[PDB]
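Reading through the structure tokens given below for one structure.
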Amino acid sequence: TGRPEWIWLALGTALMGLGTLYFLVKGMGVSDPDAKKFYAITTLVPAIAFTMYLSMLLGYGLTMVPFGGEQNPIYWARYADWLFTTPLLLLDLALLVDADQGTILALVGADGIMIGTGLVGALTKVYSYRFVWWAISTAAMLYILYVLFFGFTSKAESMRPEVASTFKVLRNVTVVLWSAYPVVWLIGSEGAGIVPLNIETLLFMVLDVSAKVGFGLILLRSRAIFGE
Amino acid sequence: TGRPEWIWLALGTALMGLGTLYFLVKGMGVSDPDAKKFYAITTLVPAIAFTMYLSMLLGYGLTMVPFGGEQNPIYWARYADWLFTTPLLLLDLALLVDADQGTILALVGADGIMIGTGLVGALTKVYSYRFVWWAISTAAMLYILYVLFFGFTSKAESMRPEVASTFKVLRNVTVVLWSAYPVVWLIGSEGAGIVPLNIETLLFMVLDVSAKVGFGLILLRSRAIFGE
Amino acid sequence: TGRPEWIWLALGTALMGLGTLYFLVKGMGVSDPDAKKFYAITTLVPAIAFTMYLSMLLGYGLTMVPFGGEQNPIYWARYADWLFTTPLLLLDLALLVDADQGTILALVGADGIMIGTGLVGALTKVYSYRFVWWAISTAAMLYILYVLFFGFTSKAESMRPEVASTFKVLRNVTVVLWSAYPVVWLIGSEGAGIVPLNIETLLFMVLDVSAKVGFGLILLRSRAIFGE
Ligand SMILES: *C\C=C(C)/C=C/C=C(C)/C=C/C1=C(C)CCCC1(C)C
Ligand SMILES: *C\C=C(C)/C=C/C=C(C)/C=C/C1=C(C)CCCC1(C)C
Ligand SMILES: *C\C=C(C)/C=C/C=C(C)/C=C/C1=C(C)CCCC1(C)C
């Protein structure tokens, strides 16, 4: 329920907090118009996650969901966090490659669908339906990753080499991390219940910090953010 | 309640699904910057409606509301769908006529008001208050339609003839379809109860498919989306 | 609960309504691209507040929250109103000073955090935690005000004198009004309970009208909105 995994919630909260502070301070030594944006976007991600992880720790971002004839504790704040941060991660990749607005809306819309349906499946009472949503959500994610490889990478190459290369790595990071989420939900308590809520929370905290601080450390330590 | 109108919910879900797939495939043969946007926007509308109609079918996008001394089943997901799609429909008309940002915000804000207040009235427990919201919502809609005729049409004429003409028809379609919604809510169970929830659901499914697939078919089969 | 402060709710609703109508009519005599935006943005703020104050009056935007071993009535619609209007107020200041997009996102993100966490603390059941949220929210507000003085004012001076001066006053107004909110929440029933819900509602209605109509009257009666 809400006791065993508090340590992961607390570690997550601390890591997001420290991460947000490191980016704030680091962003002071910046005045380049375009550099700001990457900093503004990359510092906001963990600021939000910080409040979301804190809300789960204190017990506000949690709710019980009845299914499989049981009362399962669902951390809805985990999805609320994802609803606002993933589209911002997509934006960094978008600015990085100079993506057209038409492409930006497509990704954001698919991203909102991905999270929105994942949340619906998290809260769904009927067992089998739960996986229908996990399937729709998963498709949106592949759609997103399909664009990042067949509508982004091809363009980054048409840009400065430092940008194409940084983007290439950030894209690669994204494929690995994002794809890891649906797998965790499927083996966890929200889905198949092959692993307890305790290890499910830990796994997502590891993934969230990696994507919300780790990914930030890579992008923000790159010259790909300045126009030279 | 949630049994009689399932056929309309299922037909709606299927029609939105097939519609989304047709636009995805059709959008592959497109690379024009501005063409993308119309495709990105027009394909996302039914993608979302699809998930919303599926959520109503499975019973997740439904809730019971007490009023008139009765327990009335309210499909809140129907409004959730509208909250995200109507502003996107407005965007197609906006891009189509090259509308200024000031005008775009006005329409979107009024649109969010229109749906937001319609939802409040859908969920309202006190009978008479329900119609106060229907009235505020309806005013926002006329405001929107007033701009599409006295702040849009006049400009489309100052653009390419194919655009002005396509916009003219799309505007005309919008007046007829949008205005049809408040009328349906008033005679339906959510409002006057002059017609059962069964026919209310059917009527809105017909309208939603028309606006989410039909309207798309018209816009996307037009040269008004390319810059020549 | 929901009876004593209805007069403030009704006065608030009326003032926001009349305010919205005054701006609509006033905005008709405007065609300047940039003038529209200030009008579009400044007229939408009270349009929304109007619906929010009306929802509190009728009793829809209210909910009871258990804490301190008591059932406290929380006007969640007050925060819902703030969630959409404050970012729009920030936009007026942003357009006014020609702020970069990177700076705009930072402010909006911090603003959404400020309100989001204030709402969490409003709804929080555990007494001490409530103030943790008030503290996080308050920090975001100072962050916002810190940017309006060390990332905005310095630029407005690099613009036309009428803009710099109007912005200077609008900034000054913002510092005074915004800072007044957290103080009210702390002494009110949602926080310390040093003053009844009756006076808490009155105080916020006074502040809301000032920021949603008052501030509008100042900005819209200024030439700082036209490009000359
Ligand atoms: C906070 C940062 C990131 C990158 C979060 C990413 C989350 C996902 C990619 C989540 C995906 C899901 C899928 C595809 C289907 C099951 C439900 C999830 C919401 C966990
Ligand atoms: C999904 C596509 C469209 C075009 C949906 C449009 C919906 C409306 C115009 C709804 C309007 C309403 C009004 C004006 C007042 C009563 C409540 C409604 C939300 C049904
Ligand atoms: C409607 C217009 C305005 C300017 C509203 C402003 C509201 C605030 C600045 C609210 C701030 C809060 C803080 C900083 C912390 C306690 C909770 C509040 C949400 C009241």
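Readers should treat all values here as calculations from the given coordinates under stated rules, not as data from a laboratory. Every residue, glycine as well, gets a Cβ built from its backbone with ideal geometry; the counts of neighbours run over all protein chains shown.
A compact table of results
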| quantity | calculated |
| --- | --- |
| Residues being among the hydroxyl-bearing types (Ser, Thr, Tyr), under 27 Å from residue C:69 (Cβ atoms) and either surrounded by fewer than 16 Cβ atoms within 10 Å (Cβ to Cβ) or within 8 Å of another protein chain (Cβ to nearest Cβ) (or both) - total across the range C:109-157 | 5 |
| Residues of the range B:22-62 that turn out to be under 14 Å from residue B:220 (Cα atoms) and in a helix (DSSP H, G or I), as a count | 21 |
| Qualifying position, being out of contact with any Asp or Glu (no Cβ under 6 Å at 6 or more places or on another chain) and more than 24 Å from residue C:55 (Cα to Cα), among B:160, B:130 | B:160 |
| Some residue of the range B:75-95 being within 14 Å of chain C (Cβ to nearest Cβ), more than 24 Å from residue C:51 (Cα to Cα), under 21 Å from the mean Cα position of the chain (by Cα) and aliphatic (A, V, I, L, M) | yes |
| Close pairs from the range A:13-41: first touching a residue at least 24 places away in the same chain (Cβ under 8 Å), partner assigned to a helix (DSSP H, G or I) and acidic (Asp, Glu), Cβ under 8 Å, at least 6 apart | A:16/A:208; A:38/A:92; A:41/A:92 |
| Residue identified as in contact with a strand residue (DSSP E or B) (Cβ under 6 Å, 6 or more places away or on another chain) and more than 8 Å from chain B (Cβ to nearest Cβ) among C:1, C:42, C:13 | C:1 |
| Residue C:92 being near ligand 3 (Cβ under 10 Å from one of its atoms), buried (at least 17 other Cβ atoms within 10 Å of the Cβ), of a type outside the set (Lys, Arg) and at negative phi | no |
| Meets criteria (within 8 Å of ligand 3 (Cβ to nearest atom), of a type in the set (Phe, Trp, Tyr) and in contact (Cβ under 8 Å) with a residue 40 or more places away in the chain) for residue C:131 | no |
| Enumerated helices (runs of 4 or more DSSP H) restricted to the range C:111-228, each holding at least 2 residues that are more than 29 Å from residue C:2 (Cβ to Cβ) | C:127-150, C:153-156, C:161-187, C:215-219 |
| Flag if residue B:99 is in a helix (DSSP H, G or I) and either away from chain C (no Cβ under 12 Å) or in contact (Cβ under 8 Å) with a residue 24 or more places away in the chain (or both) | no |
| Residue within the range A:29-38 that is among the basic types (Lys, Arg), more than 16 Å from ligand 3 (Cβ to nearest atom) and more than 11 Å from every other protein chain (Cβ to nearest Cβ) present | no |
| Residue list for the range A:22-64, filter: buried (at least 18 other Cβ atoms within 10 Å of the Cβ) and acidic (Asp, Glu) | none |
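Condition check ((1) within 25 Å of residue A:91 (Cβ to Cβ); (2) more than 9 Å from ligand 3 (Cβ to nearest atom)) across all residues:
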{"position": "C:85", "(1), (2)": "yes, no"}
{"position": "C:125", "(1), (2)": "no, yes"}
{"position": "C:141", "(1), (2)": "yes, no"}
{"position": "C:180", "(1), (2)": "no, no"}
